[PDB]
Ligand SMILES: COCCN1C(=O)c2cc(-c3nc(Nc4ccnn4C)ncc3C)[nH]c2C[C@@H]1C
């Protein structure tokens, strides 16, 4: 029973030689040697039972990832848990090991246009598939984008992922949000729950901008500051953009701000490709209805060397549609049942 960074992993004895990769609010990720397959693997310990919200996410993550099979999305190779509900303390997810993630790469390495183009291609290919299943990732960021020696890109961390619910998206001004701040679409701050596909497109734009400069484009130090970084670049939203925001608190806040002009993409990224900046402009659109969809982003002249509709698969069976009320105990039961097949 090895330990890492204060947590105990009950992966014995099939997986050994552990090391630590990442941490989460209710989960930890570590590398391990798998004897059966004779290769290095990623193991995700998830402790969601104490809290209810964590149980919902965990069930959603396991169900989504078991559903998916895509070259650009992390899969589940195995699920380790205790044989009984009473003995089930933690849930262990075995996934393929990736060399690193885009966050780590960006901290130390300059990316060439070729790498940028190809990374964006694989993100959009993976996202096209996620979206075709009627799934929103909701937490796209460089640390959720894994890479290997040959530059293959895989999307991971589906804990915050939900089935799309456009009808129930509207909400009040300054409504709290879980997902990473720097990659939040401006609507989240003003009138959205993050229940539409356009939410992920905005995150992809932020990543593209971070690939062009090795620095986050909108590094807001707090909830409101995030919005003011966005408007600082995008300029004051148009009359037509403001008209789509009907809740008055959000509208009156935008109207009270002094007029700021749109900073040009070329001035922010002078070394960037002109086609790359044209796509970035489309992704980073203040109005979510005017924002480019994943399939149009793939069809963009910046990705014409990789664009192939036939080689961009979509989900065979999309998710159709209530864990919000279900307590930690009933959720522990569904998690146990969803992980049964791996015993
Ligand atoms: C606790 O959960 C929080 C969310 N979260 C993940 O689920 C997860 C999974 C991986 C992961 N990471 C690598 N390798 C890699 C990334 C960075 N350095 N190295 C060696 N290989 C495979 C996987 C599946 N990375 C992450 C990022 C965070 C930690």
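Residue numbers in this text run from 1 along the chain shown.
Cβ from N, Cα, C; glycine included.
Here Swiss-Prot flags 19, 236, 238, 274 as phosphoserine. Taken from Swiss-Prot, the feature ATP binding site covers 21, 22, 23, 24, 25, 26, 27, 28, 29, 44, and the record attributes it to sequence analysis. Here Swiss-Prot flags 139 as active site, proton acceptor, drawing on sequence analysis. According to Swiss-Prot, the phosphothreonine annotation covers 175, 180. Sequence annotations record features per position, and here Swiss-Prot assigns phosphotyrosine to 177. What Swiss-Prot lists as DNA-binding region is 249-267. Under the heading motif 'Cytoplasmic retention motif', Swiss-Prot lists 308-312.
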Within-chain partners of the DNA-binding region (249-267) [C-beta distance under 8 Å, separation at least 6 from its ends]: 172-174, 189-191, 231-237, 242, 274, 277, 280-281
Candidate with sparsest Cβ neighbourhood (10 Å radius) among 21, 25, the listed binding-site residues: 25
Secondary structure tally of the motif 'Cytoplasmic retention motif' (308-312) (DSSP, helix then strand then coil): 0 helix, 0 strand, 5 coil
Surrounding CB atoms that lie within 10 Å of the CB of the residue listed as 'phosphotyrosine', all protein chains: 19
Distance from the residue listed as 'active site, proton acceptor' back to residue 21 (ATP binding site), taken between C-alpha atoms, in Å: 18
Secondary structure tally of the DNA-binding region (249-267) (DSSP, helix then strand then coil): 11 helix, 0 strand, 8 coil
Residue among recorded positions 23, 139 with least C-beta crowding, 10 angstrom cut-off: 23
